[PDB]
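Here the structure comes first, spelled out in structure tokens, and everything after it is commentary.
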Amino acid sequence: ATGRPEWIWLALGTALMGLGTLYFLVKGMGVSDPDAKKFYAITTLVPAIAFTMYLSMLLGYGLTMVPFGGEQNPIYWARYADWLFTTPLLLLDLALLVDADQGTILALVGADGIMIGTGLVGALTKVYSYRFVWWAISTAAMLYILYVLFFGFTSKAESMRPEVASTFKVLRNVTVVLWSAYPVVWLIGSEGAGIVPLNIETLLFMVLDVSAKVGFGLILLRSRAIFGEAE
Ligand SMILES: CCCCCCCC/C=C/CCCCCCCC(=O)OC[C@H](O)CO
Ligand SMILES: CCCCCCCC/C=C\CCCCCCCC(=O)OC[C@H](O)CO
Ligand SMILES: CCCCCCCC/C=C\CCCCCCCC(=O)OC[C@H](O)CO
Ligand SMILES: CCCCCCCC/C=C\CCCCCCCC(=O)OC[C@H](O)CO
Ligand SMILES: *C/C=C(C)/C=C/C=C(C)/C=C/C1=C(C)CCCC1(C)C
């Protein structure tokens, strides 16, 4: 399984996701506040899922070959199985922080499923030019999510506890910057135009994934915003 040069970044990603999961798991022991328990559960599950899918890519299970451009291209399909479940969970963390209404949560999770689903279809599409049609639709769904996080959540966070408002603003900014890089890496990497080779593309996704999941979680789980206001 070491014949693929990208294996070193899959192994590092597996290890870092695993260590993140164990740290959040141990840190969440003894927490009794029901509000904080919700945030620990959502946030510990995110790196646990990513751990299993990085492991499946490392061992070669989460990889398939897709013919396009007259070549058999290696496509790591396990990323989308990871993102299908972990990106909604991350948006739930943000939505619960600001006490978002139920209709807005459904809009966000539904647009997020369309984003990952069409990205998977584009990844597996065999007609080269059609791959970028799905990329554009997926990116439109992303822009909807980013809009809601700015012109819907930021307006309500400012009317809540100051620790909640400040923590949301930081996590919102982290999320908007990190998530926007994903469509760019896909477009210039092996799934799209093929300008960057697969080993470098895999390194880039690994840095983004660990930052968006473990880095995100470290900021959230250290704030007092996840506990209820109590004496
Ligand atoms: C938190 C502290 C850790 C900070 C870590 C942040 C670093 C992120 C790195 C990124 C991209 C690296 C890209 C390396 C590109 C090498 C490609 C290359 O030069 O190949 C030459 C080619 O053969 C002829 O052009
Ligand atoms: C080397 C280590 C590899 C990485 C570890 C293997 C991960 C796969 C195993 C297990 C699922 C464990 C539980 C995952 C669910 C955690 C949810 C949680 O902790 O919630 C706390 C909440 O407060 C309670 O009500
Ligand atoms: C709050 C919601 C919590 C949700 C928790 C769910 C976490 C599931 C994790 C992992 C395994 C993913 C396995 C995906 C199975 C794919 C198998 C498959 O279809 O392979 C086809 C063929 O055999 C080969 O190409
Ligand atoms: C819209 C309301 C919310 C506002 C939130 C602000 C965040 C905006 C950021 C990004 C979108 C992603 C852009 C990806 C498009 C890159 C395509 C490109 O320019 O590639 C050119 C060429 O192919 C290569 O040299
Ligand atoms: C845990 C990993 C995270 C937060 C992954 C985020 C992934 C995305 C925001 C993916 C976006 C994509 C597009 C908008 C278009 C091209 C295909 C995708 C799926 C990479």
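Identifiers in the structure tokens: chain A, B, ... in order shown; residue index from 1 per chain; ligand index from 1 in order shown.
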Can you build me a table of chain A residues sitting at most 10 Å from ligand 1, with the closest atom pair per residue and its distance in Å to one decimal, using only C-alpha atoms and all ligand atoms, sorted by chain and residue number, as JSON lines?
{"residue": "A:196", "atom": "CA", "partner": "ligand 1", "partner_atom_place_in_ligand_line": "17 (C)", "distance": 8.3}
{"residue": "A:197", "atom": "CA", "partner": "ligand 1", "partner_atom_place_in_ligand_line": "17 (C)", "distance": 8.6}
{"residue": "A:199", "atom": "CA", "partner": "ligand 1", "partner_atom_place_in_ligand_line": "17 (C)", "distance": 9.2}
{"residue": "A:200", "atom": "CA", "partner": "ligand 1", "partner_atom_place_in_ligand_line": "13 (C)", "distance": 6.3}
{"residue": "A:201", "atom": "CA", "partner": "ligand 1", "partner_atom_place_in_ligand_line": "11 (C)", "distance": 8.7}
{"residue": "A:203", "atom": "CA", "partner": "ligand 1", "partner_atom_place_in_ligand_line": "11 (C)", "distance": 7.1}
{"residue": "A:204", "atom": "CA", "partner": "ligand 1", "partner_atom_place_in_ligand_line": "10 (C)", "distance": 6.2}
{"residue": "A:205", "atom": "CA", "partner": "ligand 1", "partner_atom_place_in_ligand_line": "10 (C)", "distance": 9.9}
{"residue": "A:206", "atom": "CA", "partner": "ligand 1", "partner_atom_place_in_ligand_line": "8 (C)", "distance": 9.6}
{"residue": "A:207", "atom": "CA", "partner": "ligand 1", "partner_atom_place_in_ligand_line": "8 (C)", "distance": 6.7}
{"residue": "A:208", "atom": "CA", "partner": "ligand 1", "partner_atom_place_in_ligand_line": "8 (C)", "distance": 9.1}
{"residue": "A:211", "atom": "CA", "partner": "ligand 1", "partner_atom_place_in_ligand_line": "1 (C)", "distance": 8.7}
{"residue": "A:215", "atom": "CA", "partner": "ligand 1", "partner_atom_place_in_ligand_line": "1 (C)", "distance": 9.7}
Item to complete: Check every protein, DNA and RNA residue against ligand 3, keep those with an atom at most 8 Å away (counting only C-alpha atoms and all ligand atoms), and present them as a count of residues only.
Response: 14
Worksheet item: Tell me, which residues of segment 22-197 of chain A carry DSSP strand (DSSP E or B), written as number ranges by chain?
Response: A: 63-68, 71-76
Go ahead and save the picked residues with N, CA, C and O atoms, as an mmCIF file, in the first residue's frame.
data_model
loop_
_atom_site.group_PDB
_atom_site.id
_atom_site.type_symbol
_atom_site.label_atom_id
_atom_site.label_comp_id
_atom_site.auth_asym_id
_atom_site.auth_seq_id
_atom_site.Cartn_x
_atom_site.Cartn_y
_atom_site.Cartn_z
ATOM 1 N N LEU A 63 -10.646 4.061 -2.621
ATOM 2 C CA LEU A 63 -10.075 4.560 -3.878
ATOM 3 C C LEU A 63 -10.686 3.790 -5.028
ATOM 4 O O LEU A 63 -10.844 2.579 -4.937
ATOM 5 N N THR A 64 -11.023 4.507 -6.112
ATOM 6 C CA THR A 64 -11.507 3.856 -7.334
ATOM 7 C C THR A 64 -10.849 4.513 -8.558
ATOM 8 O O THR A 64 -10.222 5.572 -8.466
ATOM 9 N N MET A 65 -10.991 3.871 -9.702
ATOM 10 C CA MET A 65 -10.425 4.387 -10.959
ATOM 11 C C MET A 65 -11.557 4.876 -11.855
ATOM 12 O O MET A 65 -12.527 4.153 -12.086
ATOM 13 N N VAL A 66 -11.441 6.106 -12.347
ATOM 14 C CA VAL A 66 -12.467 6.715 -13.187
ATOM 15 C C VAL A 66 -11.838 7.066 -14.539
ATOM 16 O O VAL A 66 -10.887 7.852 -14.599
ATOM 17 N N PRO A 67 -12.332 6.524 -15.654
ATOM 18 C CA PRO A 67 -11.780 6.904 -16.963
ATOM 19 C C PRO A 67 -12.323 8.253 -17.419
ATOM 20 O O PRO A 67 -13.537 8.446 -17.530
ATOM 21 N N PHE A 68 -11.418 9.192 -17.655
ATOM 22 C CA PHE A 68 -11.758 10.422 -18.367
ATOM 23 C C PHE A 68 -10.468 11.012 -18.917
ATOM 24 O O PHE A 68 -9.372 10.767 -18.392
ATOM 25 N N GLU A 71 -7.648 8.392 -19.843
ATOM 26 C CA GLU A 71 -6.772 7.829 -18.828
ATOM 27 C C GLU A 71 -7.622 7.308 -17.679
ATOM 28 O O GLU A 71 -8.759 7.740 -17.484
ATOM 29 N N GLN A 72 -7.051 6.370 -16.919
ATOM 30 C CA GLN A 72 -7.682 5.843 -15.709
ATOM 31 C C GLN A 72 -7.195 6.665 -14.519
ATOM 32 O O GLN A 72 -6.043 6.549 -14.102
ATOM 33 N N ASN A 73 -8.062 7.489 -13.981
ATOM 34 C CA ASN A 73 -7.661 8.457 -12.979
ATOM 35 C C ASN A 73 -8.006 7.943 -11.580
ATOM 36 O O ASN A 73 -9.143 7.508 -11.357
ATOM 37 N N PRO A 74 -7.075 7.971 -10.634
ATOM 38 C CA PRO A 74 -7.396 7.521 -9.262
ATOM 39 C C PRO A 74 -8.242 8.556 -8.536
ATOM 40 O O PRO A 74 -7.846 9.704 -8.377
ATOM 41 N N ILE A 75 -9.429 8.143 -8.109
ATOM 42 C CA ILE A 75 -10.372 9.031 -7.429
ATOM 43 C C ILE A 75 -10.618 8.459 -6.036
ATOM 44 O O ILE A 75 -11.128 7.348 -5.897
ATOM 45 N N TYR A 76 -10.261 9.233 -5.007
ATOM 46 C CA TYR A 76 -10.537 8.859 -3.631
ATOM 47 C C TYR A 76 -11.995 9.217 -3.324
ATOM 48 O O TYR A 76 -12.313 10.341 -2.945
#
Item to complete: Using only C-alpha atoms and all ligand atoms, find each protein or nucleic acid residue lying at most 7 Å from ligand 4; present the set as a PyMOL selection string.
Response: chain A and resi 139+143-144+146-147+150+176+180+183-184
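The two atoms in question, atom CA of residue 128 of chain A and atom 17 (C, counted along the ligand's line) of ligand 5, are spaced 14.7 Å apart.
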Discussion item. At a cut-off of 8 Å around ligand 2, and using only C-alpha atoms and all ligand atoms, what residues come up? Please write them as a PyMOL selection string.
Written reply: chain A and resi 15+17-22+24-26+28-32+36-45+48-49+51-52
Counting only C-alpha atoms and all ligand atoms, which protein, DNA or RNA residues come within 9 Å of ligand 5, given as a compact mmCIF listing (two decimals) with C-alpha atoms, in the first residue's frame?
# COMPACT_ATOMS: atom_id res chain seq x y z
CA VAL A 46 -16.57 14.76 13.37
CA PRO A 47 -12.91 13.61 13.70
CA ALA A 50 -12.89 11.39 9.37
CA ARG A 79 -13.66 11.83 1.02
CA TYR A 80 -17.27 12.48 0.02
CA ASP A 82 -16.64 11.56 5.11
CA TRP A 83 -17.87 15.04 4.09
CA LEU A 84 -21.47 13.92 3.62
CA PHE A 85 -21.70 13.36 7.39
CA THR A 86 -19.10 15.70 8.85
CA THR A 87 -19.96 18.94 7.07
CA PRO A 88 -23.58 18.96 8.32
CA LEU A 90 -19.99 21.23 11.71
CA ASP A 112 -24.87 21.05 2.26
CA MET A 115 -23.06 20.47 -2.29
CA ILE A 116 -21.39 17.16 -1.36
CA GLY A 117 -23.72 15.03 -3.51
CA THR A 118 -23.09 16.99 -6.72
CA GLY A 119 -19.37 17.08 -5.93
CA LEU A 120 -19.41 13.27 -5.76
CA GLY A 122 -18.76 15.37 -10.67
CA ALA A 123 -15.90 13.29 -9.24
CA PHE A 132 -17.21 21.13 -14.33
CA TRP A 134 -21.41 19.57 -11.38
CA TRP A 135 -18.55 21.60 -9.81
CA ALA A 136 -20.41 24.83 -10.65
CA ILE A 137 -23.69 23.56 -9.16
CA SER A 138 -21.88 22.34 -6.02
CA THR A 139 -20.12 25.72 -5.70
CA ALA A 140 -23.45 27.55 -6.00
CA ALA A 141 -24.73 25.48 -3.04
CA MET A 142 -21.60 26.44 -1.08
CA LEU A 143 -22.15 30.14 -1.78
CA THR A 175 -15.14 28.20 8.43
CA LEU A 178 -11.20 27.07 5.06
CA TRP A 179 -14.29 25.78 3.20
CA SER A 180 -13.73 28.18 0.26
CA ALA A 181 -10.36 26.53 -0.45
CA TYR A 182 -11.89 23.11 -1.11
CA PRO A 183 -13.52 23.89 -4.50
CA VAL A 184 -10.28 25.52 -5.60
CA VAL A 185 -8.17 22.46 -4.75
CA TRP A 186 -10.68 20.19 -6.54
CA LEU A 187 -10.65 22.42 -9.65
CA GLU A 191 -10.46 15.63 -10.12
CA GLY A 192 -10.53 18.73 -12.32
CA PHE A 205 -6.81 18.34 1.68
CA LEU A 208 -7.58 21.68 5.40
CA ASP A 209 -9.39 18.69 6.96
CA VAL A 210 -7.35 18.74 10.20
CA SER A 211 -7.77 22.53 10.50
CA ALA A 212 -11.51 22.53 9.73
CA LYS A 213 -12.18 19.64 12.17
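Residues in contact range of residue 154 of chain A, defined as at most 12 Å between only C-alpha atoms, with sequence neighbours fewer than 5 positions away removed, read residues 94, 95, 97, 98, 99, 100, 146, 147, 148, 149, 159, 160, 164, 165, 166, 167, 168, 169, 170, 171, 172 and 173 of chain A.
Counting from atom CA of residue 226 of chain A, the distance to atom CA of residue 162 of chain A is 12.3 Å.
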Discussion item. Just the number, please: distance in Å from atom CA of residue 231 of chain A to atom CA of residue 219 of chain A, one decimal.
Written reply: 23.8 Å
Worksheet item: Could you pull out all residues of segment 18-193 of chain A with a DSSP call of alpha helix (DSSP H) and give them as number ranges by chain?
Response: A: 18-27, 34-58, 78-97, 102-124, 128-148, 154-157, 162-188
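Closest approach to residue 93 of chain A among A:109, A:124, A:177, A:54 is made by A:109 (distances from only C-alpha atoms).
Among the candidate residues A:157, A:69, A:96, A:5, the one lying nearest to residue 127 of chain A is A:69, with distances computed using only C-alpha atoms.
Using only C-alpha atoms, the shortest contact distance between residue 174 of chain A and any of A:7, A:153, A:216, A:227 is found at A:216.
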Worksheet entry | For residue 224 of chain A, the nearest of the candidates A:107, A:156, A:60, A:33, counting only C-alpha atoms | A:33
